[PDB]
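Peer 1: A single structure is presented below for examination.
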Amino acid sequence: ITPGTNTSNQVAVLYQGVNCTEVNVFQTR
Amino acid sequence: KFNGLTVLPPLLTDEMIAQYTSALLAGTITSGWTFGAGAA
Ligand SMILES: *[C@@H]1O[C@H](CO)[C@@H](O)[C@H](O)[C@H]1NC(C)=O
Numbered sequence: 598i599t600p601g602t603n604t605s606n607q608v609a610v611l612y613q614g615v616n617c618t619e620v641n642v643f644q645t646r
Numbered sequence: 854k855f856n857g858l859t860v861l862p863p864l865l866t867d868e869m870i871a872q873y874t875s876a877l878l879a880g881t882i883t884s885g886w887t888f889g890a891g892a893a
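If you're matching them up, the sequences are chains C and A in order. According to the deposited numbering, the first sequence holds residues 598 to 620, 641 to 646 in order. Residue numbers for the second sequence follow the deposited numbering, beginning at 854 and rising by one.
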């Protein structure tokens, strides 16, 4: 998940259908 | 199925789809066609 590289160099990462015990950190559905 | 196959969730939950049908219906009952053409 990217703000666009012109906006910022940060990213967030989604592990699709994975529980956070298996991989800020947040459990989405 | 559990060998390469996955199902992704829809972007809008069924609760959010029901908030849209509610808003369309409540606009239609209170304001006729006018909420399609402009402000209700
Ligand atoms: C993830 O793991 C926790 C602890 O084992 C569990 O309570 C939860 O139901 C699991 N699933 C999701 C989707 O969070």
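Ideal Cβ placement from N, Cα and C applies to all residues, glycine included.
Where does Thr602(C) sit, in a helix, a strand or coil, going by DSSP?
Peer 2: coil
Peer 1: Taking 6 Å as the limit, tell me which residues put their C-beta closer than that to any heavy atom of ligand 1, in chain order.
Peer 2: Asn616(C), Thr618(C) and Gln644(C)
Peer 1: Output yes or no for whether 8 Å exceeds the beta carbon distance between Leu864(A) and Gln613(C).
Peer 2: The Cβ atoms of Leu864(A) and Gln613(C) lie no closer than 8 Å to each other.
Peer 1: Tell me whether the beta-carbon of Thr599(C) lies closer than 8 Å to the beta-carbon of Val608(C).
Peer 2: yes
Peer 1: Taking Cβ to Cβ, would you say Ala871(A) is nearer than 8 Å to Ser884(A)?
Peer 2: no
Peer 1: Under a three-way DSSP split, which group does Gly614(C) fall into?
Peer 2: coil
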